[PDB]
Enquirer: 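Could you have a look at this structure, given as structure tokens, before my questions?
We count ligands from 1, going down the list as the structure has it; atoms in each ligand are counted the same way. Order of the sequence lines sets the chain letters (A, B, ...), proteins ahead of strands, with each chain counted from 1. No hydrogens, no waters, no symmetry mates; every other heavy atom, side chains included, goes into these values.
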Amino acid sequence: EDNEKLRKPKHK
Amino acid sequence: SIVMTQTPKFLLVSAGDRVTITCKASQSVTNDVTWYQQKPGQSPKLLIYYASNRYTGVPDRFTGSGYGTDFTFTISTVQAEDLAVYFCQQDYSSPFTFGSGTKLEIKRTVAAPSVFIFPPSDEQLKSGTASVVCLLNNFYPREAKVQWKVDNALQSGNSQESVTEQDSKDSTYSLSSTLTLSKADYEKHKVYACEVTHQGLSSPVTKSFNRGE
Amino acid sequence: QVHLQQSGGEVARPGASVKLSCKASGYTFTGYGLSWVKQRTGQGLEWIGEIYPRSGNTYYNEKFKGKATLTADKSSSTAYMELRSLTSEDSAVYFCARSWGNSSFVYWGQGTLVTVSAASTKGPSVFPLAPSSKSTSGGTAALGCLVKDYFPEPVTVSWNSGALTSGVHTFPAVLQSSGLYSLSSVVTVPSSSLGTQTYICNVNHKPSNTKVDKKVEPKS
Ligand SMILES: *[C@@H]1O[C@H](CO[C@@H]2O[C@@H](C)[C@@H](O)[C@@H](O)[C@@H]2O)[C@@H](O[C@@H]2O[C@H](CO)[C@@H](O)[C@H](O)[C@H]2NC(C)=O)[C@H](O)[C@H]1NC(C)=O
């Protein structure tokens, strides 16, 4: 896994 | 998007002085603010993250603080090597946005330039052009007057100057002035001289050579 | 041991495209999001977009949609950004920066300078600035290399393959009337050492794939 799930809230 | 307003735009301080940079966000960004140091030529270097945490290996003199919209960055005692542009950045939401940057410059005691002159190389003369370089090394402050004389006639219109960034060790500047002539023009004269005026010199200095000698 | 190695500076024609590369080493490429950042020299930094090499998923700054396309190649651990329909406003330095945790730009590449121009690339001529009795001061001598007539920027200069750094000054380029650039790199050394020490400037102009060494000796 990568850190996309961690950083997803920053893109909303 | 979120706007980061960074102030001041420049600082001129002496080694050992304290400096504080401020960054204000257009809306709350909690604590997710990063501070970067960008030295000339280099990529930005992360110093402070989550508003107040030093990155690994960052000296103790760098701190940050803030939560919400107002954030500050502090260098407790500025060192010569801290010459750089510093940036704040909000990492709270996309698009991730930076401040406009603060240029930290150092003031120091007056230093006279050491002056050197270089004739054109024999290799360059083969190509039909002659570049004469006058070098002013490690002086302060930046202001300096360089004048070219060829057979004691003041030159206009055939030279270009370039000054370095401030030195990370001794806070000085260096400057070149390059006189460019065709080979034929170069061969028609004998004495090539650059005359340097600077606050650290008691009187103007001239460095000269004789073509061929 | 994270390292991001970006491709060299390039000229590219207006209206054309250019593809920049960012080769990653020292970590698992698919582990972390990777962004690209634009800097105009002396001005601010702008986030372009982010890609996650595990999935290929991309997120763009709205302003760069239709300008920039981010891709990645797992097999070579390389990230790419292609800029299309180039204009004068696309001339800038472009960085790649790698994420960590939820933080966006923790590890940075060295940057790639893009110059948008229809002019052809031209490698530099390198000439010695020889030490002589006219380049001595307080027992020191100065010497250097003149790096003349290249396009586009940048040129880099090392001395003795990177072993000589103390006292070096490499000047910012000047723009000549011809539209080509010129700079010099200089160093101050002991005047006592001119007969026994060797001083070689190493000039690299990546936009033309030109690498030149020049030994600088005192004038006979
Ligand atoms: C981005 O992450 C930081 C840090 O998160 C913590 O540390 C990580 C290593 C991981 O272990 C996480 O699970 C941790 O929560 C967040 O900062 C923290 O936020 C919490 C509240 O959410 C707060 O109680 C902590 O004090 C904060 N820690 C610090 C050092 O400031 C931050 O909120 C995250 N950003 C976003 C937008 O979610």
Enquirer: Could you list which atoms of ligand 1 come closer than 4.0 Å to a heavy atom of B/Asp32?
Expert: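 Per the distance check, 35 (N).
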
Enquirer: Would you please say whether a donor-acceptor pair under 3.5 Å links the side chains of A/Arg7 and C/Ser104?
Expert: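 Yes, because at least one side-chain N or O of A/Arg7 sits under 3.5 Å from a partner of the opposite role on C/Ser104.
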
Enquirer: Given the protein's heavy atoms, is any one of them under 4.0 Å from atom 18 (C) of ligand 1?
Expert: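 No, no protein heavy atom sits under 4.0 Å from atom 18 (C) of ligand 1.
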
Enquirer: Can a side-chain donor-acceptor contact be found between B/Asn138 and C/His169 if the only test is distance below 3.5 angstrom?
Expert: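 Distance-only check passes for C/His169 and B/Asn138.
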
Enquirer: Under 4.0 Å from atom 10 (C) of ligand 1, is there any protein heavy atom?
Expert: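 Neighbour list for atom 10 (C) of ligand 1 is empty of protein heavy atoms (cut-off 4.0 Å).
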
Enquirer: Quick one: does any side-chain atom of C/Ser117 pair with a main-chain N or O of C/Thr115 as donor and acceptor, under 3.5 Å?
Expert: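 It does not hold such a pair.
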
Enquirer: Checking ring-ring contact (aromatic ring centres under 6.0 Å, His included) between B/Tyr36 and each of C/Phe95, C/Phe105, C/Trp108, which is the one that passes?
Expert: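 That would be C/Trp108; it is the only one of C/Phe95, C/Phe105, C/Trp108 passing the ring-ring contact (aromatic ring centres under 6.0 Å, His included) with B/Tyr36.
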
Enquirer: Tell me if the CZ atom of B/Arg54 is crowded by more than 12 foreign heavy atoms within 6.0 Å.
Expert: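 More than 12 heavy atoms, drawn from other residues, nucleotides or ligands, come within 6.0 Å of this atom.
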
Enquirer: Compute the shortest N/O to N/O distance between B/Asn31 and ligand 1 and return yes if it is under 3.5 Å, no if not.
Expert: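 Yes - when backbone and side-chain N and O of B/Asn31 are compared with those of ligand 1, one distance drops under 3.5 Å.
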
Enquirer: Any protein heavy atom at under 4.0 Å, with atom 21 (C) of ligand 1 as the reference point?
Expert: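 Within 4.0 Å of atom 21 (C) of ligand 1, no protein heavy atoms are found.
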
Enquirer: Check this for me: B/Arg61, atom CZ, are more than 12 non-hydrogen atoms of other residues, nucleotides or ligands nearer than 6.0 Å?
Expert: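 Buried by this count: over 12 neighbours within 6.0 Å.
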
Enquirer: I need the single residue from C/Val203, C/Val174, C/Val157 that forms a side-chain contact (heavy atoms from CB on, under 4.5 Å) with C/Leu183. Which is it?
Expert: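 That would be C/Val157; it is the only one of C/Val203, C/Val174, C/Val157 passing the side-chain contact (heavy atoms from CB on, under 4.5 Å) with C/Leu183.
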
Enquirer: Return yes or no for this condition: an N or O of A/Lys10 is under 3.5 Å from an N or O of ligand 1.
Expert: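 No, A/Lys10 has no N/O under 3.5 Å of an N/O on ligand 1.
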
Enquirer: Do any non-hydrogen protein atoms sit less than 4.0 Å from atom 31 (O) of ligand 1?
Expert: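 Yes, at least one protein heavy atom sits under 4.0 Å from atom 31 (O) of ligand 1.
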
Enquirer: So, for atom 5 (O) of ligand 1, does the protein have a heavy atom nearer than 4.0 Å?
Expert: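 When distances to the protein are checked, atom 5 (O) of ligand 1 has no heavy atom within 4.0 Å.
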
Enquirer: Could you tell me whether some N/O pair between C/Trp100 and ligand 1 is separated by less than 3.5 angstrom?
Expert: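 Such a contact does not occur with ligand 1.
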
Enquirer: Name the closest protein heavy atom to atom 1 (C) of ligand 1, giving the residue it belongs to and the distance to 0.1 Å.
Expert: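 Ranked first by proximity to atom 1 (C) of ligand 1 is C/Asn102 ND2, 1.4 Å.
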
Enquirer: Quiz question for you: does at least one protein heavy atom lie closer than 4.0 Å to atom 37 (C) of ligand 1?
Expert: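 Yes, there is a protein heavy atom closer to it than 4.0 Å.
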
Enquirer: Report the part of A/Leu6 (side chain from C-beta onward, or backbone N, CA, C, O) that has a heavy atom under 4.0 Å from ligand 1; answer both or neither where that applies.
Expert: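 For A/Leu6, no heavy atom sits under 4.0 Å from ligand 1.
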
Enquirer: Protein non-hydrogen atoms only, distance under 4.0 Å: does atom 25 (C) of ligand 1 have such a neighbour?
Expert: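 Given the 4.0 Å limit, the answer for atom 25 (C) of ligand 1 is no, no protein heavy atom qualifies.
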
Enquirer: Could you go through C/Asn61 and C/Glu46, starting from their C-alpha distance and side-chain angles, then the distance that decides it, and tell me whether this counts as side-chain hydrogen bond (donor to acceptor under 3.5 Å, both in side chains)?
Expert: CA-CA 9 Å; C/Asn61 185 339; C/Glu46 280 179 308; 5.8 Å; no

Enquirer: Does the pair C/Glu50/A/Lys10 count as a salt bridge with the N-to-O cut at 4.0 Å?
Expert: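 No.
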
